[PDB]
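[1] Just need the structure, nothing else, for what follows:
(chains A, B, C, D, E, F and G, ligands or ions: 6)
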Amino acid sequence: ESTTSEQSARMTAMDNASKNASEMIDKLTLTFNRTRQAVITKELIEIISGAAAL
Amino acid sequence: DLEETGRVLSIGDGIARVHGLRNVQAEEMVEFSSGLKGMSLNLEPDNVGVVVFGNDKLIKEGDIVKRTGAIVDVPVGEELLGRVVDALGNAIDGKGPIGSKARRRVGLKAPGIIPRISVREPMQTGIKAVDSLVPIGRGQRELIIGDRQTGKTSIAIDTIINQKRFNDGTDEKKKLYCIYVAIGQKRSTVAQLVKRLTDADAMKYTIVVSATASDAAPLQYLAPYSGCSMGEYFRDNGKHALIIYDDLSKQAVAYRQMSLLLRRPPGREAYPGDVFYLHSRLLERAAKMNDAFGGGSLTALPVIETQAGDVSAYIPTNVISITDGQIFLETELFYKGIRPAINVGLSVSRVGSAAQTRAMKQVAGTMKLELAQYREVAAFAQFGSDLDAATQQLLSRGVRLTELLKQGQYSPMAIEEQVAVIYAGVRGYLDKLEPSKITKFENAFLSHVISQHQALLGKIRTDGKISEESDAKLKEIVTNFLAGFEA
Amino acid sequence: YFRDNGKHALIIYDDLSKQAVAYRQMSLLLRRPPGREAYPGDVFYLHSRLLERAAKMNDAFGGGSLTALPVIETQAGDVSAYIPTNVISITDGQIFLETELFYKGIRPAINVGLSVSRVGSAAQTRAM
Amino acid sequence: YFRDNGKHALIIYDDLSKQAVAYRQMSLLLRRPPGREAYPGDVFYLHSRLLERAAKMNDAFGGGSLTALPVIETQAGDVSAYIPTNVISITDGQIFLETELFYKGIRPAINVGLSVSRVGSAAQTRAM
Amino acid sequence: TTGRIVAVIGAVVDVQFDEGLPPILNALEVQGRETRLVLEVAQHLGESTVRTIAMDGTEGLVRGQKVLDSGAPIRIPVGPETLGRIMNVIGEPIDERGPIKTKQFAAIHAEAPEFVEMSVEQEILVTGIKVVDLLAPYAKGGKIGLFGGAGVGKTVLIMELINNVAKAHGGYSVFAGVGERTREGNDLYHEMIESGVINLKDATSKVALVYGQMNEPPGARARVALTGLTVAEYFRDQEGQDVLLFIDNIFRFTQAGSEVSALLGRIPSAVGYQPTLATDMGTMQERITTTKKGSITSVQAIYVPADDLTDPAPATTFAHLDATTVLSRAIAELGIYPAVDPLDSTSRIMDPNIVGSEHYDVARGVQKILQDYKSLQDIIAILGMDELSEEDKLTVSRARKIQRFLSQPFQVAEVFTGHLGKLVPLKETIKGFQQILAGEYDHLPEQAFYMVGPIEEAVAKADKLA
Amino acid sequence: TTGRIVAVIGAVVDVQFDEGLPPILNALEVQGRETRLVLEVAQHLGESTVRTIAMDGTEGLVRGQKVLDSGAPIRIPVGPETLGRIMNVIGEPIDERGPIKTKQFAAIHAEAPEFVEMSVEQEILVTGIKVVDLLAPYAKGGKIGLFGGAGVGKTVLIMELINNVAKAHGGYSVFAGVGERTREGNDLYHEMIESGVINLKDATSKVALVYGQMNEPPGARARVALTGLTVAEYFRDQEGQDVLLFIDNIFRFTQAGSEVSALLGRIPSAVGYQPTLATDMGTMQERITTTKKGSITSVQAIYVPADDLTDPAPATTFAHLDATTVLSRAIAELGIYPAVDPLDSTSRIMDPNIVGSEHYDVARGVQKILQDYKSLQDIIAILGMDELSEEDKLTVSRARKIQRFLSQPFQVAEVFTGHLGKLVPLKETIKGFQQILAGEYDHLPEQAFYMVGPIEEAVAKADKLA
Amino acid sequence: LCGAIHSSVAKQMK
Ligand SMILES: CC[C@H]1O[C@]2(C)[C@H](OC(C)=O)[C@@]1(C)O[C@@H](/C=C/C=C/C=C/c1oc(=O)cc(OC)c1C)[C@@H]2O
Ligand SMILES: CC[C@H]1O[C@]2(C)[C@H](OC(C)=O)[C@@]1(C)O[C@@H](/C=C/C=C/C=C/c1oc(=O)cc(OC)c1C)[C@@H]2O
Ligand SMILES: Nc1ncnc2c1ncn2[C@@H]1O[C@H](COP(=O)(O)OP(=O)(O)NP(=O)(O)O)[C@@H](O)[C@H]1O
Ligand SMILES: Nc1ncnc2c1ncn2[C@@H]1O[C@H](COP(=O)(O)OP(=O)(O)NP(=O)(O)O)[C@@H](O)[C@H]1O
Ligand SMILES: [Mg+2]
Ligand SMILES: [Mg+2]
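    Numbers count the residues shown, from 1 in each chain, chains lettered A, B, ... in the order given. Ligands and ions are numbered 1, 2, ... in the order given. Dropping the coordinates below:
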């Protein structure tokens, strides 16, 4: 019995674990992409700022 | 010569640098040899920078520029209703000239503290979710926010349409002239938009300003201010208007294009420092005046498009910090088939409870409550077994109540109808039933009391509350219908 | 010279990254406007002009060829930074090398999964 | 004064972050082109110059000394930050305090791993 | 003196003079206008010209137009006759109740009280809000700040505090609405009327209102704070009065500053902000303070752009408060109200020698447990609680109940909580929190703690669930 | 007008006119150059000088060189005699088949169909492709985002669409390669030729090719899509057909935009793009529609930067797209062709209110079933294909019949697929899937549905297969 | 990582 219950449990558990991991991979990408973009802008603004002060 | 006129020194990057015009005032409209229009922006010691309200190809070094002695303004008045005008007030329905008597600056300052009063009149949308959980008041600013294609505009429309029920009515104080401003959209879309409005006989009461995907930024920029001035007439004369800014997102990019071209320091997201103000000024103009000032009102439902559900972005935050609540539509919801994709927990109405009708108070009141207790146990987790009867039961209303909130397009409901169906769910009449039948119950049960009991409805609507009889009467009504409902 | 004369020639550009830098340096010193990474708006065009000069001619022209192996140095594997972006977009495929692979014993470090050849089998032997 | 007169002094610069902004402001308002992060290209120098002054004079010069404890404010505990690193590379060590440790009960929130002393035991009694 | 409008760009009007060049800060009055248009001198560009900042929309102005030196800086009515009245940046009434007839007039630009003038008395100000009182207690004559991204609770919190503290306050109060909603001013005024703090009949009003909202041109928004400020200064010094000063939102001032800065022709600093950010905050924040002459307890709402607390604006503000209430979207979205971040809000009074060690110890007790929860969070996130230690699961339980007990219904937010507003006395908070910590309630369900006042109510809610 | 060259900086030439200055957008011809150098006008710097962007190497220009204002924007040969020819940005022949001799020339910079020319209604444009027409219906005058690249039948699908447009709608097509790799152009050429879409011998060519190679300067790769547009506009505004516009690839359009922008020294906006990103797009996209005379429908190849769908380039682009056609390597690898993804590919017009209840329902039927099978897909492989119900076994069976029925033989691929091409009709499309869903052919076997046209062939194939 | 296995027995074992 203790094996049906166990192999049952692990199953579901690992099922939600990747369900959690996915919610995270999807979440982190967004942070990535927001930062990615922001970094690029930040730099350009710095360049432009210095060019313009000449 | 040079006091009222000017010759262009240079056109480029949509800023014509004129020489002369020694008499222009700041922000006055001026005219180009080519009948093009502009706004005097900068009054510099030896030139006027003017913002061209159209393609700058048309302007050339040396063209003549003439004053008009008029601070930018626009055609205002009841004769715009049914008209499709451009950002300048010019007609674009090719249906003949707008015969307007009044004019009005685009840039006026919103009414102060004294002249206003708490929104107290409902501004019915006809959309169940909205009217029950996110009540809009007349003179409120309520934001419609969500990603692309989540059915944002769709809310504006059903709202416009629902108005006919009052505009074709009895009392003037129960009406609402709609104004729909379109910024950065596709004409293909606006064109088709009015068609829908027209076929619904809603254009009769709507005005439509267009600064579309193809119009110079300055026009996109300007559009919402114009519409706003037109809406202001009604606010200003004891009347009630509804303005829809779709979207402020694209307006914001238009202004930013203008700003980078003028060379203003780009800040967060490259946006200029004053985009907040671009919006606050605009939205401050929606408002509820008190009796001493006509009791009139302007209601703004501005639209904002988020990327990937990111509600924290600069623009979205800016706008959230201006309006009096928001309606966030979620992509997940949309796909999952929950339409209107409203996010009932997130979404808010800071000022509308008062605006809401008692009757809905009566039914809608216990709905978020039931829906509060469902919000919880309603996990991401698809495959979850449970125990405890209470918690179980809570999970069962929720699925019903949620079916009650799904609604199709172009079918705005009468407040009385909404309370009707909501009654059914909030009182339990649907508990003994299966979620897939809810939709079906609704149409069927609805036609039934619409056909058969116009008598009770009228009371509810007329009373504006649910009297003991009405409620008693209604109760049996759900009762019987049920008893005969075929699965 | 080779290509044109019915002869075949291979060319390795090591690296295009450094040359981009040399170009960027002159552009900014001449005061031309700077865009992303401070690179001039014609940096794309600097490579495309270059990498296009390689090609397979027609017998009518000599059948001679010029294959080019241009090198780009990425940073922290940022394959989408500016210059790496250009050149990837200009070329017929990429051989992606990786540290993790390298240190794991895979030498040469080719990331087989991400490497590409638009030309493909049109260039393999039947044997292969 | 004390340092040069065989006396001993201790100076706390609380904090060098706000001074940098003042420098940045002062500097930008003089129209000196802004640099990384908007600060003048010489903020490192602005601080180096100062902290170098803290010193141990030999007996030939009085054997006096000046010891400095400059303060710098990070954001989101990010020590890698440009200014933070600018100053960490001038001083003879750093004491890094984390709010995490603080809340955890570890008061002072000194982060053992991240804090260092470039003087080592030479500044310690044998007992210690 | 008469200058002539030389150039006009937004709010930046450049005026030239021939005989008398007005000093910086001086208010000029533009001539030839339907209504008052004050220009505040900002700098001498040389060549006998001055660059100024308009205090109202500049449409209509014309080059060559005549401007007059007022001879001084913006001056505004100060005294008790401002009590119960609503006024402008430039001190004109906007309540349609006539002129504000005062004996004295004060200029909005003053210097900050000197070092020797400072005060160091530290008294706790109990607000009745659990989280605040427990973890980041405010202080009489102190400096409080409410940090908040959009729609998080800044205004609701100010109101609740106005309710819980301002209402039963002896001295005067000054509300300054800076860059916020006009309807809010209106919402407040009328409410103020009702509860009688504003009386339109007698001279019994305890509040003076100053506003320059979301609809004004930048220059106005850039100065109204100064204005409200001034009014407050009067009561403090001139009457040794104990003042209350509420500002919504001080972020707006800085924002306003960024709006004209380019126009002033300055190279921008980080994030496009004006290089004078800090100093501008400085010479302004430094006048909002208690002194030997009088006390000013001030509560200021601080908008955080894009929710970024590292934004120069808010970032630079921390350094000016004695106690800070950082509001969180994450928390609010979880349904916790007020959405206060317990590990991010602080108070210079959280010292054992001031709040007593009992208080000190629960306070740090609570934080420690939440900090602990926090580390467990990475794991609970993929694997949930299963794999957790019996001991760990216990922090989690406690933390989830301590976390729930930190919420609370405000009267002001009754319409949304669906529950009756609550005010919990300090000792009640210290207590209820011990017990939780001490495992006296490990049997109750979390839900019992959510949305309640005193612990006693939490026990009951538990019976009701069961 | 005859101007001189005042300055040459890279690909940006400044030209000075004595009397009469060419308006913005005009095309100027440089005098005395081995080849044609067209400089488009961009700005009026004042002082009789214009700032232009070269469409080709400024390689040997000399200050003082002569420039002749052609008194108009770039104009190109339009009309039938373009079909099957390859053309430059300025309407030149790059296929060496001599002069493109048409009657009419058309300036490339044109405004878009006034509101009053707009069609008021949504109509599906049929291509005859089972997946496309059933699950992601193209729209007349609409814009489609074609995702996926090589190995996946991109060029064969582009070629079948062309053909099926000539067939079913008597409409012709244009091909604009924005930033095309010279190698890849020449390869596209011969490939169309070998499949007939182009005919060098006769006058049966159904496509005109417009090329903007990668070596060309920013300005060139910037305009070529417009040029392609001009051409298509003819077959609609002059002959009122239903043209097909193919822009490959839409991204390089935008990029070319940025390059030119930067060269014109304008400050970039978020992520580096042009400040005019949205307008640069709109002024072009909007010319693609259904007017009363006809319609242009555009297939746009999209590249998404950093795999970031919220990247300004892509994001902007979606503002205009009515549908996406996602080509999938995974599907192809199973042999399935056209390798379109039935679940990822989408359409705005897939609304019962537009395609009608029937169409809409079938479609929504095809997908769900396809969705369900996907679920079981996990079970099948692990726990083996049998706990499957009389029900769970049908969803599969059908789904598997369906998946195949969604595949199809192209007439473009007959030169050796051996298998004859099919242009299934919309009517036949819905009926087809209707029935499988229905269950008319449940008895029928898999290979009966693989690569066939109308269901009738699903029947006959089964006959030939016992 | 087996769900609440080892614990479930563990608790009820004492
Ligand atoms: C990310 C949010 C974090 O902010 C907290 C301070 C916790 O961080 C740590 C360090 O402590 C945190 C992880 O979780 C929150 C907990 C929120 C709890 C929400 C509870 C809601 C809830 O709780 C109930 O018991 C019954 C309820 O409805 C009837 C409701 C809505 C807390 O505010
Ligand atoms: C990612 C793969 C999925 O995309 C599909 C649409 C299915 O997803 C669901 C939603 O339906 C899927 C699981 O399987 C593919 C199926 C491919 C089938 C290939 C069949 C090939 C084939 O089938 C035959 O019957 C005979 C054959 O050759 C003689 C060959 C090559 C489909 O396209
Ligand atoms: N209540 C509804 N029920 C069902 N379908 C709906 C509903 N509202 C909208 N739709 C569908 O959703 C689509 C998108 O709604 P729409 O109002 O265009 O969203 P949007 O948010 O304005 N999108 P966009 O403006 O393109 O950014 C419509 O075209 C319909 O197909
Ligand atoms: N304490 C609270 N309890 C319950 N709900 C609250 C509370 N505070 C705020 N809210 C909700 O959040 C909304 C926004 O509150 P509010 O105090 O206006 O935020 P804010 O910080 O003033 N927003 P803004 O100033 O636009 O940034 C309210 O209308 C309520 O719906
Ligand atoms: Mg929309
Ligand atoms: Mg607020």
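
[2] When you work out contacts or count neighbours from here on, use the C-alpha atoms and nothing else.
    OK.

[3] wait, what's in contact with residue B:11?
    Shown in contact with residue B:11 (Cα atoms under 8 Å, 6 or more residues apart in numbering or on different chains): B:17, B:56, B:59, B:60, B:61, F:43, F:44, F:45, F:46.

[4] Can you get me a residue count around residue B:473?
    Residues near residue B:473, counting by other Cα atoms under 10 Å in any protein chain shown, number 13.

[5] which one is it nearest to, not counting chain neighbours?
    residue B:456 (7.7 Å; Cα to Cα, 6 or more residues apart in numbering or on different chains).

[6] The one you found and residue B:471 touch, don't they?
    No - look at residue B:456 against residue B:471 with Cα atoms under 8 Å: they stay out of range, at 9.3 Å.

[7] Please say which of those two ends up with more neighbours.
    Using other Cα under 10 Å, the more surrounded residue of residue B:456 and residue B:471 is residue B:456, with 20 against 16.

[8] all helices of chain G, in order?
    With DSSP state H as the criterion, chain G has helices at G:5-12.

[9] Quick test: name the residue nearest the centre of it.
    Centroid-nearest residue in chain G, with Cα atoms, centre = their mean: residue G:7, separated by 1.9 Å.

[10] Distance-wise, check whichever residue of chain G sits closest to chain C relative to residue A:11.
    Taking Cα to the nearest Cα, chain C has its nearest neighbour within chain G at residue G:1, 29.3 Å off. Separation of residue G:1 from residue A:11 (Cα to Cα, to the nearest Å) stands at 10 Å.

[11] which residues of the stretch 201-350 of chain E fall in helices?
    Taking DSSP state H, counting those that start in this stretch as the test, the helices found in the stretch 201-350 of chain E are E:218-238, E:251-261, E:277-285, E:312-315, E:329-333.

[12] Now mean neighbour count too, for the ones you listed, in TSV please.
    Listed next are those as TSV, based on neighbours: other Cα atoms under 10 Å in any protein chain shown:
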stretch	mean neighbour count
helix E:218-238	25
helix E:251-261	24
helix E:277-285	17
helix E:312-315	19
helix E:329-333	16
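
[13] Mind putting these into a markdown table with distance to chain G?
    Formatted as a markdown table, the helices of the stretch 201-350 of chain E follow (distance: least, Cα to the nearest Cα, whole Å):
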| stretch | distance to chain G |
| --- | --- |
| helix E:218-238 | 59 |
| helix E:251-261 | 50 |
| helix E:277-285 | 53 |
| helix E:312-315 | 44 |
| helix E:329-333 | 29 |
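
[14] Which among the ones you listed is found nearest to residue B:466?
    helix E:329-333 (33.9 Å; Cα to Cα).

[15] Check whether the closest one comes near chain A.
    No - Helix E:329-333 stays clear of chain A (Cα under 8 Å from any Cα of the partner chain), getting no nearer than 14.5 Å.

[16] got a list of what the closest residue to chain G within chain E touches?
    Going by Cα to the nearest Cα, chain G is nearest to residue E:386 of chain E, at 5.7 Å. If you count contacts by Cα under 8 Å, 6+ apart, residue E:386 has them with G:3, G:4.

[17] Can you classify it by secondary structure?
    coil (DSSP: H, G, I helix; E, B strand; the rest coil).

[18] and if you look at the one 10 residues further on?
    The three-state label given to residue E:396 by three-state DSSP is helix.

[19] so the residue of chain G closest to chain C makes contact with residue A:10?
    Yes - with contact defined as Cα under 8 Å, residue G:1 counts as touching residue A:10 (6.9 Å).

[20] out of those two, which sits in the busier spot?
    Legend: neighbour count by other Cα under 10 Å for residue G:1 and residue A:10, higher for residue A:10 (16 against 13).

[21] Quickly check: whichever strand or helix holds residue E:353 near chain G or not.
    In the assignment (DSSP states H and E), residue E:353 maps to helix E:352-383. No - on the criterion Cα under 8 Å from any Cα, helix E:352-383 is out of touch with chain G, staying 8.6 Å away.

[22] what residues does chain E put near ligand 1?
    Contacts of chain E with ligand 1, taken as Cα under 6 Å from any ligand atom, map to E:330-331, E:334-336, E:341-342, E:370-371, E:374, E:403-404, E:446-447, E:450.

[23] ok, of those, which come out buried?
    Those of the residues of chain E next to ligand 1 that meet the buried threshold are E:335, E:336, E:341, E:342, E:370, E:371, E:403, E:404, E:446, E:450, by 16 or more other Cα atoms under 10 Å in any protein chain shown.

[24] chain center to stretch A:25-33, what's the gap?
    For stretch A:25-33, the distance from its own C-alpha centre to the chain's C-alpha centre is 3 Å (Cα atoms, centre = their mean, to the nearest Å).

[25] Give me the buried positions along that stretch.
    Buried residues in stretch A:25-33, counted by 16+ other Cα under 10 Å: A:30, A:33.

[26] does any part of it sit near chain D?
    No - contact of stretch A:25-33 with chain D (Cα under 8 Å from any Cα) is absent, the minimum separation being 16.0 Å.
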